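Protein chains in written order, with the entry's author numbering: chain A, 1 to 71, 74 to 327; chain B, 4 to 327.
Don't be surprised by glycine CBs; every beta carbon is placed ideally from N, CA and C.
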DNA sequence: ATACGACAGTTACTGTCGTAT
DNA sequence: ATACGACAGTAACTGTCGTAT
């Protein structure tokens with residue numbers, strides 16, 4: 001028996017899918033006409049592609065099977083359109099990984115409708131998807147190398163240390179052992195991970211990570227660590243000292259201020275004089291100084307001093323560099 | 004990667020509903036046309052029910068059945084991707100877009116068999132807590148289901164929409180337009196033509212009320228792609244389109260390389276180490292806000308309207324904060 | 001038993017180029 | 001326009017063989 005490397009994967013997945021009790025490596029090798037070792041490699045491959053694949057030990061041996069795992075109810079165009087423009091927005095940004103997964107969810111999701119449903123909602127969704135676009139922010143393009151990303155998620159799922167060369171941060175070029183905490187998709191993307199004894203989480207730019215390896219050591223994360231909370235410690239990406247920020251939006255821009263997102267923790271309070279008071283705690287003053295720049299003259303930096311300072315040092319730096327003086 | 008591209012192709016042809024050209028299979032897998040032929044010849048062996056449909060003067064190929072149910076089950080990774088993309092909008096402020104993906108997620112889990120759903124449910128939950136998307140600060144989008152509902156309905160009926168627009172030059176006038184689409188962004192906008200040969204202009208959804216879908220045909224142009232219109236600006240605002248050209252000093256040069264300024268982009272390393280960035284777009288304020296991010300490391304060489312725009316807003320805030 | 005590498009040695013995929021019905 | 005070889009040159013696949021659970 002046989003058929004070429006590319007199609008043997010479907011052929012083996014189909015086999016483990018239609019087996020009740022599972023097949024052993026020597027059963028696969030005989031059904032694939034390939035022989036023990038590369039059937040192992042093929043079993044490898046389809047487990048990668050079908051994480052639903054389970055193995056059952058009836059010792060001494062071991063049998064592998066893909067259980068059913070599916071039973074459809076034909077969602078709406080706007081649901082589908084939502085999914086597509088979602089994925090469209092992501093590949094438009096350069097987030098090829100997040101986009102890929104969503105395009106794959108779409109393909110399998112479409113295929114699972116009937117002859118009728120598929121061609122019937124088709125022009126519906128593309129009508130919608132053309133009548134919707136997400137504006138793309140200017141900024142850095144995220145590194146989404148599903149090799150490095152797959153390695154992170156692998157280590158995280160396993161409770162295992164991740165290892166990589168990092169070209170950044172005070173001593174480039176060299177191999178680093180971390181406890182991976184999570185992935186922070188932002189301007190670029192970041193590994194959130196503890197390095198070394200008694201560390202506290204640091205941000206590792208995916209742009210700068212080569213040569214990942216999922217080590218065989220346990221690296222559990224602190225039981226008290228929350229990726230969200232870690233992200234919410236800063237106004238943007240940078241984790242400075244966490245400041246108490248106090249801003250006063252002029253009345254001219256109060257309507258905006260009252261329907262605006264400054265931080266996850268914001269309290270906005272309207273004032274009798276029509277101005278609006280904004281308080282929140284966060285690091286990332288520079289990143290904050292930038293956004294305040296888009297408020298023009300309608301914002302007063304009440305607190306903290308260090309914000310006031312960086313706002314002005316930033317201002318005068320561009321001001322001479324473009325001739326505002 | 005490359006062991007599953009045959010299977011990635013077979014999924015694409017089972018969902019395409021009318022097929023791909025032999026050459027757009029090559030573009031959605033980055034393969035080169037000849038390679039794709041062999042992929043097609045091998046998908047056909049795995050999926051003999053694949054139809055070949057003439058669409059002159061090329062062919063389409065589609066799997067009309069759907070795959071085996073084992074190539075259809077979505078993974079925890081894809082499920083988690085939907086959620087991270089849902090929770091990203093929920094957090095943004097964009098609760099109408101978000102609840103269609105949660106609706107989709109819901110109908111995906113429900114379609115799993117019981118014992119399968121309970122086994123993947125924790126794998127995704129763990130997946131969604133190891134990943135989060137930074138929410139940038141900015142306006143909380145206005146997504147009134149009834150305002151969006153009205154707009155889409157009109158676009159589906161190719162009908163005129165009339166609303167009262169509290170903004171612009173005579174606020175309160177109820178206006179009748181041809182709705183072309185929606186630009187989701189800082190706040191959200193209706194892009195729409197108004198009357199005889201009008202040029203497309205943007206309408207804030209939060210400045211709309213009294214939305215009626217009238218039964219007057221409102222056909223759009225079909226040269227018009229909403230995407231083209233969106234990309235006419237650097238951000239949201241559509242003033243006169245400028246040929247913007249900047250040099251990123253060689254200090255911040257590696258960032259300039261892996262940076263997105265515009266869709267009409269071109270960045271090339273100059274000789275002295277600088278990087279030259281060129282793109283074509285209106286919206287000079289939003290652009291000058293972004294150039295503030297670079298501080299001293301960017302010089303504006305054209306246009307002067309962007310320099311005057313930068314110095315205006317640079318001087319506006321410098322006085323406001325005590326800089327000079 | 002399976003998990004899994006290191007590693008000669010065959011071959012398969014890639015793409016370019018024609019010749020077809 | 002494809003459906004297809006053919007054919008060098010590139011790249012992985014394969015199977016044998018270790019060593020570890």
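> In whole angstroms, what is the alpha-carbon distance linking residue 59 of chain B and residue 92 of chain B?
Replying inline: 42 Å
> Just how far apart, CA to CA, sit residue 125 of chain B and residue 139 of chain A?
Replying inline: 33 Å
>> Helix, strand or coil for residue 105 of chain A? Go by DSSP, reduced to three states.
In response: helix
> Between the segment 255–270 of chain B and chain A, which residues of the former have CB atoms less than 8 Å from a CB of the latter, in chain order?
Replying inline: 258, 261, 262, 263, 264, 265 and 266
> Hey, does residue 141 of chain B have any beta-carbon neighbour from chain A nearer than 8 Å?
Replying inline: yes
>> Using a Cβ-Cβ cutoff of 8 Å, what residues of the segment 11–26 of chain B are near chain A? List them in chain order.
In response: 11, 13, 14, 15, 17, 18, 19, 20 and 21
> If we cut at 8 Å on Cβ distances, does residue 71 of chain B have a partner in chain A?
Replying inline: yes
> Taking the DSSP output, what are the residues bridged to residue 246 of chain B?
Replying inline: B:283
> Can you tell which of A:101, A:135, A:27 and A:326 has the C-alpha that lies nearest to the C-alpha of residue 62 of chain A?
Replying inline: A:27
> Any Cβ of chain A within less than 8 Å of the Cβ of residue 64 of chain B?
Replying inline: no
> Taking the alpha carbon of residue 245 of chain A as the point to measure from, which residue in A:84, A:70 and A:268 has its own alpha carbon closest?
Replying inline: A:268
>> Please report whether the beta-carbon of residue 299 of chain A lies at a distance below 8 Å from any beta-carbon of chain B.
In response: yes
> If residue 133 of chain A and residue 184 of chain B are in contact, beta carbons under 8 Å, what's the gap, nearest whole angstrom?
Replying inline: 4 Å
> Just checking, does the segment 66–74 of chain B make contact with the segment 5–20 of chain A on the three C-beta pairs under 8 Å criterion?
Replying inline: yes
> Could you give the C-beta distance for residue 227 of chain B and residue 137 of chain A, rounded to a whole number, given that I count them as a contact under 8 Å?
Replying inline: Not a contact, Cβ separation roughly 17 Å.
>> Taking its Cβ as the centre, do 16 or more other Cβ atoms sit within 10 Å of residue 195 of chain B, making it buried, or is it exposed?
In response: buried
>> By alpha-carbon positions, which one of A:309, A:274, A:256 and A:298 ends up nearest to residue 282 of chain A?
In response: A:309
>> When you compare the CB positions of residue 242 of chain A and residue 201 of chain A, do they come within less than 8 Å of one another, or not?
In response: no
> Name the DSSP beta bridge partners of residue 191 of chain A, please?
Replying inline: A:187
>> Taking only three categories from DSSP, how would you classify residue 138 of chain B?
In response: coil
>> Just list the residues that DSSP pairs residue 215 of chain B with in beta bridges.
In response: B:165
>> Buried or exposed, going by whether 16 or more other CB atoms sit within 10 Å of the CB of residue 43 of chain A?
In response: buried
>> Which of the three DSSP states is assigned to residue 43 of chain B in this structure?
In response: helix
> Taking the alpha carbon of residue 303 of chain B as the point to measure from, which residue in B:118, B:278 and B:99 has its own alpha carbon closest?
Replying inline: B:278
> Where does residue 154 of chain A sit, in a helix, a strand or coil, going by DSSP?
Replying inline: helix
> Going by the CB atoms, is the gap between residue 112 of chain A and residue 20 of chain B shorter than 8 Å?
Replying inline: yes
> Which whole runs of the alpha helix (DSSP H) in the segment 18–74 of chain B are 4 residues long or more, in chain order?
Replying inline: 25–32 and 36–49
> Between residue 264 of chain B and residue 271 of chain B, what straight-line distance do the alpha-carbon atoms span, to the nearest angstrom?
Replying inline: 13 Å
> How many Å lie between residue 167 of chain B and residue 214 of chain B at the Cα?
Replying inline: 7 Å
> By how many angstroms is the C-alpha of residue 47 of chain A removed from the C-alpha of residue 3 of chain A?
Replying inline: 19 Å
> Should residue 80 of chain B be labelled buried (16 or more other beta-carbon atoms within 10 Å of its own) or exposed?
Replying inline: buried
> Do residue 103 of chain A and the ligand GTP come close, with the Cβ less than 7 Å from some heavy atom?
Replying inline: Among the ligands in the structure shown, none appear at all, so the ligand GTP cannot be discussed.
> For residue 150 of chain B, which residues of its own chain have a beta-carbon under 7 Å away from its beta-carbon, when the five flanking residues on both sides are left out?
Replying inline: 208, 211 and 214
>> Could you tell me which whole alpha helix (DSSP H) segments of length 4 or greater appear in the segment 83–134 of chain B?
In response: 98–114 and 117–132
> Which one of A:232, A:236, A:306 and A:321 has the shortest CA to CA distance from residue 296 of chain B?
Replying inline: A:321
>> Could you check whether residue 100 of chain B and residue 97 of chain A sit closer than 8 Å to each other, using their CB atoms as the reference points?
In response: no
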